[PDB]
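To keep things clear, I will list the structure first and then write my remarks on it.
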Amino acid sequence: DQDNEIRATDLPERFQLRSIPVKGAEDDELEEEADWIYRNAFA
Amino acid sequence: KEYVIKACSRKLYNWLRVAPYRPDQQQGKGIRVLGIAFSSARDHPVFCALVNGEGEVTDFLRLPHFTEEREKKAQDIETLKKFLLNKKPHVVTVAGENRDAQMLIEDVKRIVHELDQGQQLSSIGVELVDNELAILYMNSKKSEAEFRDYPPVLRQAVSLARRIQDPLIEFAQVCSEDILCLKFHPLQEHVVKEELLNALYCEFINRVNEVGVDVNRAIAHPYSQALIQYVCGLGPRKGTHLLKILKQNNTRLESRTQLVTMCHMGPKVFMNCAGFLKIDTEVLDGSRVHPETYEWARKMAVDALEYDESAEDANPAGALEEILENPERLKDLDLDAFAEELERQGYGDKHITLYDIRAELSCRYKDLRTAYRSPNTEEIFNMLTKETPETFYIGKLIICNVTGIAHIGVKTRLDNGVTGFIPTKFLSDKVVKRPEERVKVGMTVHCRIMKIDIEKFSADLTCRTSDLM
RNA sequence: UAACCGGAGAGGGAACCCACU
């Protein structure tokens with residue numbers, strides 16, 4: 001039913017459950033997300 | 001919430017630094033662990049469970065005789081002589097309830113050591129083991145499906161034997177839920193524990209990817225099954241599907257690509273788990289060497305002996321097995337030229353990754369678990385008493401029930417079960433008439449603490465009313 | 001540096017005869 005997408009995909013199960021709402025991070029978002037994680041990973 | 005999860009995760013990482021017992025800290029593989037599980041040690045049935053080093057229960061016995069009886073001091077010694085003569089252990093894992101349980105453990109040690117009752121011809125030390133996870137792993141549903149005839153004392157002895165075998169397999173045999181039944185901080189209930197459960201799962205995945213998992217035990221032993229639920233890329237459904245595949249077609253693993261040759265697992269998912277699946281048998285399939293580094297690890301092993309290759313995957317056996325025996329030559333390999341060849345074939349800066357490839361060629365399937373840590377008194381006290389000395393504080397009033405006089409002193413216990421010795425300075429004697437006016441023998445009396453020496457069976461208890469304020 | 005015990009409202013009726021104040 002709902003386990004076929006977990007077991008029959010070419011994506012990891014932990015990787016599926018690590019970006020479940022929106023999957024993947026593109027190339028143009030990569031540097032902006034790196035700078036955002038650099039600003040936000042420092043507190 | 002962040003610092004509470006950090007304080008909980010520090011205790012989790014401490015508890016996720018597993019250190020089960022091994023033979024001499026290395027006939028047969030493993031140690032024949034005889035776990036003892038007491039119920040009251042007061043003329044109550046105390047159980048023993050001999051589980052071998054392969055991870056399976058082998059024998060069991062009872063012990064309803066103890067030294068209840070007030071004067072027959074060799075009946076427990078005679079019963080332990082007749083039981084240890086009917087058992088072939090290699091390590092004795094004793095639990096603990098009170099300090100009388102420590103005296104019973106000392107009597108068991110006097111029976112084992114003073115008669116060579118550790119192998120029937122040679123003394124083998126009895127190890128003190130805390131019992132907090134085995135008391136909550138004998139009530140689990142997994143321990144209710146290994147046997148349905150015996151009480152929870154035999155399951156507690158079996159849980160102590162399995163914990164002495166491996167604590168990560170116990171953590172890999174409790175659902176995660178069941179991790180939230182072990183408390184490491186007294187403020188983890190007020191905060192949300194969904195991210196705490198995901199951090200516990202992150203630490204379990206970290207431990208499982210550092211140590212590694214064997215697949216030839218997940219199709220034979222049920223205790224060593226359900227280990228793919230914490231592997232990289234293999235979740236609960238993928239681990240259960242892998243176990244169903246390996247138990248439905250009777251599939252065994254002779255290499256790492258057996259789920260790619262038979263179409264059991266995804267290609268990218270298999271490349272994610274190309275350094276987290278290990279088999280007992282190619283030769284670099286029970287290690288972290290991926291299939292894109294097979295002919296580089298084998299090239300560095302051929303270069304580690306100056307042996308000409310026979311189209312090496314297994315054919316140049318002198319360069320491949322003699323390097324698994326001992327490090328043959330590491331001065332014939334140069335990681336600068338290796339990284340330069342990796343920057344023209346392979347296409348990637350692998351210069352310190354080849355140090356890990358060399359470590360896998362030397363001793364593959366290395367375990368990052370720490371060494372076994374023996375109980376050092378505060379670890380013993382916190383284990384058998386379940387109370388730490390940081391909880392008590394100078395300034396608090398505690399009820400103590402006096403039991404015996406030592407010669408003039410006040411020997412009593414607490415409600416938590418800690419033996420406290422109040423000296424004559426508070427009782428108001430040195431050798432003079434004695435402290436009945438201060439406290440009543442047998443009864444319990446509240447007193448203000450002024451010292452914390454619970455490890456050495458000492459407690460400062462002011463019996464004067466002027467010192468309580 | 002100790003010490004074993006434990007469970008409680010039962011339960012019927014109809015018919016006839018004898019006797020008491």
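Note on naming: chains are A, B, ... as they come in the structure tokens, residues start from 1 per chain, ligands start from 1 in the order shown.
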For chain A against chain B, with a cut-off of 7 Å and counting only C-alpha atoms, what is the closest atom pair and its distance in Å to one decimal for every residue that makes the cut, ordered by chain and number, as a Markdown table?
```
| residue | atom | partner | partner_atom | distance |
| --- | --- | --- | --- | --- |
| A:7 | CA | B:238 | CA | 5.8 |
| A:10 | CA | B:266 | CA | 5.3 |
| A:11 | CA | B:269 | CA | 6.3 |
| A:12 | CA | B:233 | CA | 4.6 |
| A:13 | CA | B:235 | CA | 5.3 |
| A:14 | CA | B:233 | CA | 5.6 |
| A:15 | CA | B:233 | CA | 7.0 |
```
Write out, as a tab-separated table, each residue of chain C that has an atom at most 12 Å from chain B, together with the closest pair of atoms and their distance in Å to one decimal, counting only C-alpha atoms (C1' of nucleotides), rows going by chain and rising number.
```
residue	atom	partner	partner_atom	distance
C:1	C1'	B:404	CA	10.1
C:2	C1'	B:70	CA	4.8
C:3	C1'	B:70	CA	6.1
C:4	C1'	B:68	CA	7.5
```
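Distance-wise, atom CA of residue B:130 and atom CA of residue B:390 end up 18.4 Å apart.
For chain A, a DSSP pass over the backbone yields alpha helix (DSSP H) at residues 4, 5, 6, 7, 13, 14, 15, 16, 28, 29, 30, 31, 32, 33, 34, 35, 36, 37, 38, 39 and 40 of chain A.
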